[PDB]
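> This one is an experimental structure. Sequence first:
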Amino acid sequence: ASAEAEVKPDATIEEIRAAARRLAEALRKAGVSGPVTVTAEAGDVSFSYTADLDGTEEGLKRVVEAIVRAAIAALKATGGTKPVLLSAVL
């Protein structure tokens, strides 16, 4: 019930979404269902959201969009000069 990816500061939006889909896809690969709390950590800031991972494709895309939301907040808050640790906990 845990997944992490480290995103480079210079990352494109496609790269961020790729990381997000890897995290949600790893959570999908345990038969594991429930509220997922996602977090993006960068420097001295952290942002978290909760998305329901229910089993539907639509739940997966919700979780992905929460991850990408948190990630962009982190990169904006650190000026795109610091790596971002994406994590998703179930």
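Good, I have the coordinates. Numbers count the residues shown, from 1 in each chain.
> Please enumerate the helices of this protein.
13-28, 57-77 (DSSP state H).
> what sits against the most centrally placed residue in the chain?
In the chain, the centroid-proximal residue (CA atoms, centre = their mean) is residue 67; its distance is 2.8 Å. By CB atoms under 8 Å, 6 or more residues apart in numbering, residue 67 lies in contact with 19, 20, 23, 24, 38, 40, 86, 88. All C-beta spots, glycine's among them, are computed from the backbone N, C-alpha and C.
> between the residues you listed, which is nearest residue 8?
residue 19 (9.6 Å; CB to CB).
> For the residue lying closest to the closest one once chain neighbours are set aside, give the beta-bridge partners.
Once flanking residues are discounted, residue 19 sits nearest to residue 5: 4.3 Å by CB to CB, 6 or more residues apart in numbering. The partner list for residue 5 in beta bridges (DSSP bridges) reads residue 86.
> what's the spacing between residue 5 and residue 64?
Using CB to CB, to the nearest Å, residue 5 is found at 12 Å from residue 64.
> Look at those two and report which has more neighbours.
Between residue 5 and residue 64, residue 64 has the larger neighbour count (other CB atoms under 10 Å), namely 22 against 19.
> Spell out which residues sit in contact with that one, please.
Counted by CB under 8 Å, 6+ apart, residue 64 has contacts 17, 20, 21, 24.
> so how far is residue 44 from the second one?
Per CB to CB, residue 20 is found 22 Å from residue 44.
> And for the nearest residue to residue 26 once chain neighbours are set aside, the neighbour number?
Leaving aside its chain neighbours, residue 26 sits nearest to residue 3 (4.3 Å; criterion: CB to CB, 6+ apart). Neighbour count for residue 3, taken as other CB under 10 Å: 21.
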